[PDB]
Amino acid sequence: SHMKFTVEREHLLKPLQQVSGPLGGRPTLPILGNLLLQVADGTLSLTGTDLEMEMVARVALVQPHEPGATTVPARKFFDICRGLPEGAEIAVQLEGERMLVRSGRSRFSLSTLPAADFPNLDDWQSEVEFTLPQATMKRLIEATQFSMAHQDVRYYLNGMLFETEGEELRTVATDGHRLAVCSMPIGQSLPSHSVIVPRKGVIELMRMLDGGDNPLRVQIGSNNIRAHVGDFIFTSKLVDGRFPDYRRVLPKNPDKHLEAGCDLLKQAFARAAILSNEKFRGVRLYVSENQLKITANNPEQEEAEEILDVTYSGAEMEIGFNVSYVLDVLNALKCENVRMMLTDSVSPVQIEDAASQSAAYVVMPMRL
(Lines of atoms letter the chains of each structure in order from A and count residues from 1; the text may use other names and numbers.)
(Lines give C-alpha, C1' and ligand atoms only; values in the text may rest on other atoms or scores of the structure.)
Protein backbone atom coordinates (compact mmCIF):
# COMPACT_ATOMS: atom_id res chain seq x y z
CA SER A 1 0.00 0.00 0.00
CA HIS A 2 1.01 3.65 -0.39
CA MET A 3 0.27 4.36 3.29
CA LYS A 4 2.70 6.72 5.04
CA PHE A 5 2.38 8.90 8.11
CA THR A 6 4.56 10.53 10.78
CA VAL A 7 2.88 11.23 14.12
CA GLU A 8 4.21 12.28 17.52
CA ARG A 9 4.23 9.43 20.05
CA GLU A 10 1.77 10.93 22.52
CA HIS A 11 -0.83 11.53 19.83
CA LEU A 12 -0.86 7.74 19.23
CA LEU A 13 -0.76 6.26 22.73
CA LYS A 14 -4.32 6.85 23.94
CA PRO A 15 -5.84 5.96 20.53
CA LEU A 16 -3.79 2.74 20.47
CA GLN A 17 -4.85 1.91 24.02
CA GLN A 18 -8.55 2.47 23.32
CA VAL A 19 -8.74 0.54 20.05
CA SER A 20 -6.81 -2.36 21.58
CA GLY A 21 -9.54 -2.74 24.23
CA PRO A 22 -11.64 -5.31 22.32
CA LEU A 23 -8.61 -7.52 21.74
CA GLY A 24 -8.26 -10.47 24.08
CA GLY A 25 -5.64 -13.16 24.49
CA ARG A 26 -5.00 -15.71 21.74
CA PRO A 27 -7.18 -14.55 18.81
CA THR A 28 -9.50 -17.07 17.22
CA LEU A 29 -8.64 -15.51 13.84
CA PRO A 30 -5.12 -14.13 13.36
CA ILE A 31 -6.30 -10.81 11.89
CA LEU A 32 -8.25 -10.12 15.09
CA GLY A 33 -4.89 -9.64 16.81
CA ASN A 34 -4.15 -6.81 14.38
CA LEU A 35 -5.23 -3.19 14.22
CA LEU A 36 -6.47 -1.71 10.97
CA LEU A 37 -4.58 1.48 10.04
CA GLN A 38 -6.09 3.77 7.39
CA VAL A 39 -4.83 7.10 6.03
CA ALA A 40 -7.39 9.18 4.14
CA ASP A 41 -7.63 12.95 3.74
CA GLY A 42 -5.70 14.32 6.73
CA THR A 43 -6.83 11.56 9.09
CA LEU A 44 -5.28 8.37 10.43
CA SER A 45 -7.93 5.89 11.57
CA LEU A 46 -7.07 2.98 13.86
CA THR A 47 -9.51 0.13 14.38
CA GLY A 48 -9.54 -2.94 16.61
CA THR A 49 -12.26 -5.57 16.76
CA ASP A 50 -13.26 -8.97 18.15
CA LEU A 51 -16.14 -9.51 15.65
CA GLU A 52 -18.68 -8.68 18.39
CA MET A 53 -17.55 -5.06 18.83
CA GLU A 54 -15.10 -2.60 17.34
CA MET A 55 -13.38 0.58 18.51
CA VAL A 56 -12.22 3.27 16.05
CA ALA A 57 -9.96 6.23 16.82
CA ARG A 58 -9.28 9.17 14.49
CA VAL A 59 -5.98 11.06 14.52
CA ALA A 60 -5.38 14.24 12.52
CA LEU A 61 -2.23 14.22 10.38
CA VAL A 62 -0.37 17.57 10.22
CA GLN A 63 2.86 16.17 8.79
CA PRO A 64 3.32 14.76 5.27
CA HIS A 65 1.31 11.60 4.70
CA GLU A 66 0.19 9.30 1.90
CA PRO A 67 -3.16 7.47 1.77
CA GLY A 68 -3.46 3.72 2.12
CA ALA A 69 -4.29 1.01 4.59
CA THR A 70 -2.85 -2.08 6.23
CA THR A 71 -3.19 -4.11 9.42
CA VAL A 72 -0.40 -4.63 11.95
CA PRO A 73 0.01 -6.70 15.15
CA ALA A 74 -1.64 -4.64 17.90
CA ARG A 75 0.45 -5.60 20.94
CA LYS A 76 3.72 -5.30 19.02
CA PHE A 77 2.82 -1.93 17.47
CA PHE A 78 1.52 -0.51 20.76
CA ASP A 79 4.58 -1.75 22.68
CA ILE A 80 6.92 -0.14 20.14
CA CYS A 81 5.18 3.24 20.33
CA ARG A 82 4.99 3.10 24.13
CA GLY A 83 8.63 2.04 24.42
CA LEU A 84 9.96 5.01 22.41
CA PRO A 85 11.11 8.17 24.24
CA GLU A 86 8.67 10.91 25.18
CA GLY A 87 8.12 13.26 22.24
CA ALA A 88 9.45 10.72 19.68
CA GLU A 89 8.35 11.20 16.08
CA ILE A 90 7.09 7.88 14.72
CA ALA A 91 7.41 7.50 10.94
CA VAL A 92 5.47 4.63 9.35
CA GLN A 93 5.45 3.30 5.80
CA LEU A 94 4.83 0.05 3.96
CA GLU A 95 7.50 -1.96 2.14
CA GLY A 96 5.68 -4.82 0.47
CA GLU A 97 4.00 -6.97 3.12
CA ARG A 98 6.02 -5.35 5.90
CA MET A 99 5.35 -2.20 7.87
CA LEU A 100 8.46 -0.17 8.57
CA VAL A 101 8.47 1.92 11.76
CA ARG A 102 11.31 4.41 12.24
CA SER A 103 11.98 6.83 15.09
CA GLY A 104 15.34 8.32 16.03
CA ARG A 105 17.93 5.56 15.77
CA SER A 106 15.29 2.83 16.17
CA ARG A 107 13.94 0.71 13.29
CA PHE A 108 11.27 -2.01 13.17
CA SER A 109 9.85 -4.26 10.46
CA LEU A 110 6.44 -5.76 11.27
CA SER A 111 4.43 -8.35 9.37
CA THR A 112 1.10 -7.18 8.02
CA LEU A 113 -2.19 -8.60 6.83
CA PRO A 114 -4.16 -6.91 4.02
CA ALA A 115 -6.72 -4.32 5.02
CA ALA A 116 -9.19 -6.08 2.69
CA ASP A 117 -9.19 -9.02 5.16
CA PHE A 118 -10.26 -6.88 8.15
CA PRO A 119 -13.86 -7.33 9.39
CA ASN A 120 -16.35 -4.48 9.10
CA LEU A 121 -19.12 -3.77 11.63
CA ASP A 122 -20.28 -0.38 10.30
CA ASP A 123 -22.92 -1.26 7.64
CA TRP A 124 -26.21 -0.72 9.46
CA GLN A 125 -28.82 2.01 10.01
CA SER A 126 -29.52 3.93 13.20
CA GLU A 127 -33.14 3.90 14.39
CA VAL A 128 -32.85 5.83 17.70
CA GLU A 129 -30.34 8.61 18.42
CA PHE A 130 -29.63 10.94 21.32
CA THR A 131 -26.89 12.96 22.98
CA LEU A 132 -25.98 13.00 26.68
CA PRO A 133 -23.00 13.87 28.90
CA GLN A 134 -20.43 11.14 29.27
CA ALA A 135 -20.77 11.36 33.06
CA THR A 136 -24.48 10.63 32.80
CA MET A 137 -23.90 7.59 30.63
CA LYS A 138 -21.06 6.43 32.89
CA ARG A 139 -23.29 6.75 35.95
CA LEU A 140 -26.08 4.77 34.27
CA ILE A 141 -23.62 1.97 33.58
CA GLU A 142 -21.79 2.01 36.92
CA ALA A 143 -25.04 1.98 38.90
CA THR A 144 -26.14 -1.34 37.33
CA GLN A 145 -23.30 -3.28 35.63
CA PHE A 146 -22.44 -5.40 38.70
CA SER A 147 -25.89 -7.04 38.42
CA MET A 148 -25.30 -8.46 34.94
CA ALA A 149 -24.94 -12.20 34.60
CA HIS A 150 -21.28 -13.03 33.98
CA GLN A 151 -21.42 -16.33 32.08
CA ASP A 152 -25.03 -17.46 32.46
CA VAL A 153 -26.36 -19.93 29.92
CA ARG A 154 -29.29 -17.51 29.65
CA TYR A 155 -27.23 -15.44 27.23
CA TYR A 156 -29.72 -12.55 27.24
CA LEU A 157 -28.74 -11.82 30.88
CA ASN A 158 -25.02 -11.55 30.00
CA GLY A 159 -25.54 -7.91 29.16
CA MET A 160 -27.40 -4.74 30.02
CA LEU A 161 -30.74 -3.50 28.80
CA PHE A 162 -30.75 0.05 27.41
CA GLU A 163 -34.26 1.42 27.19
CA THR A 164 -35.60 4.74 25.93
CA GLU A 165 -39.07 6.04 26.76
CA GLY A 166 -40.33 9.61 26.68
CA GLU A 167 -37.29 11.64 27.66
CA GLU A 168 -35.64 9.06 29.93
CA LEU A 169 -32.74 6.74 29.31
CA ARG A 170 -32.81 3.61 31.48
CA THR A 171 -30.32 0.77 32.11
CA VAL A 172 -31.37 -2.61 33.52
CA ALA A 173 -29.18 -5.55 34.54
CA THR A 174 -30.09 -8.83 36.21
CA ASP A 175 -28.72 -12.33 36.75
CA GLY A 176 -32.06 -13.91 37.71
CA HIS A 177 -31.23 -13.46 41.42
CA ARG A 178 -30.77 -9.71 41.78
CA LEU A 179 -31.61 -6.77 39.55
CA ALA A 180 -30.49 -3.17 39.13
CA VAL A 181 -32.30 -0.37 37.28
CA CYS A 182 -31.24 3.25 36.84
CA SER A 183 -33.13 6.03 35.00
CA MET A 184 -31.91 9.45 33.83
CA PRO A 185 -33.75 12.24 31.98
CA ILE A 186 -31.88 13.34 28.88
CA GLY A 187 -34.07 16.20 27.63
CA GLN A 188 -35.02 14.72 24.24
CA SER A 189 -38.31 13.10 23.25
CA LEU A 190 -37.45 9.50 22.33
CA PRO A 191 -39.38 6.58 20.86
CA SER A 192 -40.05 3.59 23.06
CA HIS A 193 -37.22 1.15 22.41
CA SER A 194 -35.02 -1.32 24.25
CA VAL A 195 -31.94 -3.36 23.30
CA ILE A 196 -29.45 -5.64 25.07
CA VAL A 197 -25.79 -4.61 24.91
CA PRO A 198 -23.45 -7.57 25.58
CA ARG A 199 -21.50 -7.50 28.82
CA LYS A 200 -18.10 -7.07 27.20
CA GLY A 201 -19.39 -4.13 25.14
CA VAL A 202 -20.93 -2.49 28.21
CA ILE A 203 -17.59 -2.64 30.03
CA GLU A 204 -15.75 -1.28 27.01
CA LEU A 205 -18.16 1.62 26.56
CA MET A 206 -17.75 2.42 30.27
CA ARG A 207 -13.96 2.53 29.89
CA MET A 208 -14.11 4.92 26.92
CA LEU A 209 -15.86 7.61 28.97
CA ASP A 210 -13.89 10.12 31.04
CA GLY A 211 -16.67 12.42 32.25
CA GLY A 212 -15.32 15.31 30.20
CA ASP A 213 -17.37 18.14 28.82
CA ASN A 214 -17.47 16.29 25.52
CA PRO A 215 -20.97 14.99 24.78
CA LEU A 216 -21.57 11.36 23.88
CA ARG A 217 -23.67 10.72 20.78
CA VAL A 218 -25.50 7.37 20.88
CA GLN A 219 -27.09 5.68 17.87
CA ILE A 220 -29.11 2.49 18.26
CA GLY A 221 -29.93 0.29 15.28
CA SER A 222 -31.89 -2.93 14.92
CA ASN A 223 -28.81 -5.07 15.65
CA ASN A 224 -26.06 -2.66 16.75
CA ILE A 225 -25.31 0.27 19.02
CA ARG A 226 -22.74 3.00 18.37
CA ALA A 227 -21.29 5.62 20.68
CA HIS A 228 -19.32 8.61 19.39
CA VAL A 229 -17.28 10.56 21.89
CA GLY A 230 -14.45 12.88 20.94
CA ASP A 231 -12.38 11.19 18.25
CA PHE A 232 -13.43 7.66 19.28
CA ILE A 233 -16.31 5.59 17.87
CA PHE A 234 -17.34 2.37 19.61
CA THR A 235 -19.74 -0.07 17.94
CA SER A 236 -21.19 -3.30 19.30
CA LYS A 237 -23.57 -5.94 18.06
CA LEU A 238 -26.68 -6.26 20.22
CA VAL A 239 -27.76 -9.45 21.99
CA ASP A 240 -30.56 -11.10 20.02
CA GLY A 241 -32.82 -12.04 22.91
CA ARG A 242 -35.75 -11.02 25.07
CA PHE A 243 -35.00 -9.35 28.41
CA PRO A 244 -37.28 -9.61 31.47
CA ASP A 245 -39.57 -6.69 32.35
CA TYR A 246 -38.15 -4.93 35.41
CA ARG A 247 -41.60 -3.44 35.97
CA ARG A 248 -42.94 -6.90 36.96
CA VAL A 249 -40.10 -7.59 39.38
CA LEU A 250 -40.28 -4.39 41.42
CA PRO A 251 -42.21 -5.08 44.66
CA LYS A 252 -45.57 -3.36 44.41
CA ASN A 253 -46.97 -3.45 47.96
CA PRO A 254 -44.03 -3.59 50.41
CA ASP A 255 -45.51 -3.28 53.89
CA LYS A 256 -42.13 -3.07 55.68
CA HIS A 257 -39.79 -0.09 55.38
CA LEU A 258 -36.32 0.02 56.90
CA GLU A 259 -33.91 2.95 56.86
CA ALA A 260 -30.30 2.69 58.01
CA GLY A 261 -26.96 4.43 57.63
CA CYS A 262 -25.32 3.01 54.52
CA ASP A 263 -21.76 2.92 55.89
CA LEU A 264 -22.70 1.28 59.19
CA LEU A 265 -24.88 -1.26 57.37
CA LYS A 266 -22.26 -2.07 54.74
CA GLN A 267 -19.59 -2.51 57.42
CA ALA A 268 -21.80 -4.77 59.53
CA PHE A 269 -22.61 -6.95 56.52
CA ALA A 270 -18.94 -7.06 55.49
CA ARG A 271 -17.89 -8.33 58.94
CA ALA A 272 -20.77 -10.83 59.17
CA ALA A 273 -19.79 -12.18 55.72
CA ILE A 274 -16.45 -13.38 57.16
CA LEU A 275 -18.20 -16.19 59.04
CA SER A 276 -20.78 -17.01 56.36
CA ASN A 277 -20.59 -20.14 54.22
CA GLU A 278 -17.61 -19.61 51.92
CA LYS A 279 -19.53 -20.83 48.87
CA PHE A 280 -23.14 -19.65 49.40
CA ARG A 281 -22.42 -16.56 51.58
CA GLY A 282 -25.79 -16.64 53.38
CA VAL A 283 -26.55 -14.22 56.22
CA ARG A 284 -29.71 -13.79 58.28
CA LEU A 285 -31.36 -10.43 58.95
CA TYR A 286 -33.66 -9.99 61.96
CA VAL A 287 -35.66 -6.75 61.98
CA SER A 288 -37.73 -5.42 64.88
CA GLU A 289 -38.71 -2.00 66.21
CA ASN A 290 -35.78 0.28 65.36
CA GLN A 291 -33.25 -2.56 65.43
CA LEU A 292 -31.56 -4.86 62.94
CA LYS A 293 -29.53 -7.94 63.84
CA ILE A 294 -27.33 -9.65 61.25
CA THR A 295 -26.07 -13.18 61.94
CA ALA A 296 -23.84 -15.52 59.94
CA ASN A 297 -22.91 -19.18 60.52
CA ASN A 298 -20.64 -21.55 58.60
CA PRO A 299 -20.03 -25.32 58.55
CA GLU A 300 -17.37 -24.91 61.26
CA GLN A 301 -20.15 -23.66 63.60
CA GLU A 302 -18.48 -20.25 63.67
CA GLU A 303 -20.86 -17.33 64.27
CA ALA A 304 -21.00 -13.56 63.71
CA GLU A 305 -23.56 -11.21 65.22
CA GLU A 306 -24.00 -7.53 64.41
CA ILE A 307 -26.59 -5.23 65.98
CA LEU A 308 -27.57 -1.88 64.47
CA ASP A 309 -29.99 0.86 65.42
CA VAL A 310 -32.25 1.57 62.45
CA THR A 311 -35.63 3.13 61.70
CA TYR A 312 -38.13 0.35 61.07
CA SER A 313 -41.90 0.19 60.50
CA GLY A 314 -43.65 -3.16 60.35
CA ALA A 315 -43.87 -6.57 61.96
CA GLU A 316 -40.81 -8.41 63.16
CA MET A 317 -39.39 -10.63 60.45
CA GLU A 318 -36.36 -12.74 59.55
CA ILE A 319 -34.98 -12.99 56.01
CA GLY A 320 -31.89 -14.57 54.46
CA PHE A 321 -29.64 -13.05 51.77
CA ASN A 322 -26.52 -13.73 49.81
CA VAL A 323 -24.40 -11.12 51.53
CA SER A 324 -22.37 -10.41 48.37
CA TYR A 325 -25.56 -9.32 46.59
CA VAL A 326 -26.36 -6.96 49.44
CA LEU A 327 -22.80 -5.60 49.64
CA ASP A 328 -22.70 -5.00 45.87
CA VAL A 329 -25.77 -2.77 46.17
CA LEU A 330 -24.50 -0.89 49.18
CA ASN A 331 -21.15 -0.35 47.47
CA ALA A 332 -22.92 1.03 44.38
CA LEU A 333 -25.02 3.45 46.45
CA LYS A 334 -23.01 6.51 47.50
CA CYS A 335 -25.46 8.04 49.99
CA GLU A 336 -25.71 8.49 53.75
CA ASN A 337 -28.88 6.45 54.34
CA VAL A 338 -30.36 3.50 52.47
CA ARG A 339 -34.05 2.40 52.41
CA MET A 340 -34.97 -1.35 52.29
CA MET A 341 -38.56 -2.25 51.43
CA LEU A 342 -39.66 -5.78 52.30
CA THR A 343 -42.71 -7.97 52.54
CA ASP A 344 -41.73 -11.41 53.80
CA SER A 345 -38.95 -13.99 53.86
CA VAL A 346 -39.81 -15.47 50.43
CA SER A 347 -40.28 -12.22 48.46
CA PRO A 348 -37.82 -9.78 46.84
CA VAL A 349 -36.59 -6.73 48.71
CA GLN A 350 -36.00 -3.36 47.11
CA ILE A 351 -32.99 -1.29 48.19
CA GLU A 352 -32.50 2.36 47.31
CA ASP A 353 -30.88 5.57 48.42
CA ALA A 354 -33.25 7.00 51.00
CA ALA A 355 -33.02 10.38 49.19
CA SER A 356 -33.16 9.29 45.54
CA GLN A 357 -35.41 7.16 43.34
CA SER A 358 -33.16 7.32 40.26
CA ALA A 359 -31.73 3.82 40.93
CA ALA A 360 -33.48 0.79 42.39
CA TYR A 361 -32.04 -2.58 43.40
CA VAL A 362 -34.12 -5.72 43.82
CA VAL A 363 -32.56 -8.70 45.60
CA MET A 364 -34.21 -12.02 46.05
CA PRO A 365 -33.75 -13.75 49.42
CA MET A 366 -32.30 -17.15 50.28
CA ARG A 367 -34.20 -19.84 52.13
CA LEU A 368 -33.38 -19.77 55.85
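Start at 1 and count along the sequence shown; that's the residue number.
- Taking only CA atoms, the mean B-factor in the PDB entry is higher for 297-305 than for the other of 297-305 and 320-328.
- 61-69 and 308-316 differ in mean CA B-factor, and the higher of the two is recorded for 308-316.
- Ranking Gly87, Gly211, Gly261, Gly159 by Cα temperature factor from the entry places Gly211 first.
- Residues shown: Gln151, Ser103, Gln93, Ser109. Highest C-alpha temperature factor in the entry: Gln151.
- Per the deposited record, the Cα B-factor of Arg242 falls in the highest third when ranked against the other modelled residues of its chain.
- Among the modelled residues of its chain, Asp175 has a C-alpha B-factor that falls in the lowest third according to the deposited record.
- The entry lists a Cα temperature factor for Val349 that places it in the middle third of the chain's modelled residues.
- Split the chain's modelled residues into thirds by C-alpha temperature factor. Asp122 is in the highest one.
- For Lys138, the recorded CA temperature factor ranks within the highest third of the chain's modelled residues.
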